[PDB]
There are 2 protein chains.
Amino acid sequence: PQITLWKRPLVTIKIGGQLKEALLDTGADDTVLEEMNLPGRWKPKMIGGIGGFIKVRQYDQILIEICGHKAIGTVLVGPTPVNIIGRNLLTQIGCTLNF
Amino acid sequence: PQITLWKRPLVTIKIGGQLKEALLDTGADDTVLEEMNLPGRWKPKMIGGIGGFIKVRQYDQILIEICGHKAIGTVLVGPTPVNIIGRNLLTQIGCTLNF
Ligand SMILES: CCC(CC)CN(C[C@@H](O)[C@H](Cc1ccccc1)NC(=O)O[C@H]1CO[C@H]2OCC[C@H]21)S(=O)(=O)c1ccc([C@H](C)O)cc1
């Protein structure tokens, strides 16, 4: 679809078999989700945001569906204030900005 | 133009008579700029993201030009690591997400 920006660009995602709400975030390199259980192995990693750096769990090659578009990529799990879909997955679903 | 998301969506802006590079950030409600000594009234604010909060100064009715498109609105100024164009100004320049 075409998504205007007068409201937050929230979408329903499917991951680990559960539905969630997440923000399409072109200012995020990476996809970061609030604390949750995910199957598979993970490695500890750090990521930085506007306020500093946090510890996250890095899950690689995770299946995630975003508005019915499929992506398979890295999902970071940790104390983000909001579930965000970053460019690593936005590129997989063909997302561009246009003006 | 059409901006793909393989790399950060960085564009040149003009604000307070200065040129800067900034992120077109659909994940930001409002616009946050690197510390700069703008004239006029302001009010202090705290804004939060990954890693916590930073203190900013909120200026209202600021003119920013984004890739030749003029916009005027609220800008927050403080120690952000990157200039961030948020939805308050992205709407004004006709910017949409498309996939
Ligand atoms: C989860 C945060 C979202 C949702 C609440 C909001 N943020 C925008 C988001 O796009 C940031 C933009 C950013 C910040 C620092 C360095 C680079 C890019 N990206 C980001 O944290 O991405 C992480 C993930 O991937 C990694 O790449 C980049 C850094 C890593 S914000 O900046 O905190 C913010 C908060 C309040 C306002 C006003 C008050 O509305 C305006 C902007």
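What you see below is based on every heavy atom in this structure, not just the backbone, and it leaves out hydrogens, waters and symmetry mates. Throughout, a chain's letter reflects where its sequence line sits, starting with A, and its residues are numbered from 1.
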*asked:* Salt bridge check, A:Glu21 against A:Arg8: does any charged N sit closer than 4.0 Å to a carboxylate O?
replied: no
If you measure from [atom1] on [X] to [atom2] on [Y], what distance do you get to the nearest 0.5 Å?
X: B:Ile64; Y: B:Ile15; atom1: CD1; atom2: CD1; value: 4.0 Å
X: A:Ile3; Y: B:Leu97; atom1: CD1; atom2: CG; value: 5.5 Å
X: B:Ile66; Y: B:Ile93; atom1: CD1; atom2: CD1; value: 4.5 Å
X: A:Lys20; Y: A:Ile85; atom1: NZ; atom2: CD1; value: 11.0 Å
X: A:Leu90; Y: B:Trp6; atom1: CG; atom2: CH2; value: 11.5 Å
X: A:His69; Y: A:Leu89; atom1: NE2; atom2: CG; value: 13.5 Å

List the atom of [X], the atom of [Y], and the distance in Å for their closest heavy-atom pair.
X: B:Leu38; Y: B:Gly16; value: CD2-CA, 4.0 Å
X: A:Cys95; Y: B:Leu5; value: O-CD1, 3.4 Å
X: B:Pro81; Y: A:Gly49; value: CG-O, 4.3 Å
X: A:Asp25; Y: B:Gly27; value: OD1-CA, 3.4 Å

*Stepwise, does the side chain to side chain contact (heavy atoms under 4.5 Å, CB included) test hold for B:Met36 with B:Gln18?*
CA-CA 10 Å; B:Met36 63 188 304; B:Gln18 289 189 321; 3.6 Å; yes
I'd like to check [X] versus [Y] (side-chain heavy atoms, cut-off strictly below 4.5 Å). Are they in contact?
X: A:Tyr59; Y: A:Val77; answer: yes
X: A:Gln58; Y: A:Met46; answer: no
X: A:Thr91; Y: B:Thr4; answer: no
X: A:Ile47; Y: A:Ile54; answer: yes
X: B:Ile50; Y: A:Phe53; answer: no
X: A:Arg87; Y: A:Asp30; answer: no

*For B:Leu76, does its backbone N or O pair with a side-chain atom of B:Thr31 as donor and acceptor, under 3.5 Å?*
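No: the side chain of B:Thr31 does not pair with the backbone of B:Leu76.
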*Hey, is the main chain of B:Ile72 close enough, under 3.5 Å, to the side chain of B:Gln92 for a donor-acceptor pair?*
yes
_Restricting to side-chain hydrogen bond (donor to acceptor under 3.5 Å, both in side chains), what partner residues turn up for A:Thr74, sequence neighbours left out?_
A:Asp60
*asked:* If the condition is side-chain hydrogen bond (donor to acceptor under 3.5 Å, both in side chains), which residues does B:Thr96 pass it with, not counting sequence neighbours?
replied: A:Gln2, B:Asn98
*Run through A:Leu23, A:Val32, A:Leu33 and flag the one making a side chain to side chain contact (heavy atoms under 4.5 Å, CB included) with A:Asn83.*
A:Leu33
*Can you establish whether the number of heavy atoms outside A:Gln61 located under 6.0 Å from its atom CD is more than 12?*
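Incorrect, the count does not exceed 12.
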*Does the side chain to side chain contact (heavy atoms under 4.5 Å, CB included) test come out yes or no for A:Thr12 and A:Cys67, once each step is laid out?*
CA-CA 6 Å; A:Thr12 298; A:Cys67 264; over 6 Å; no
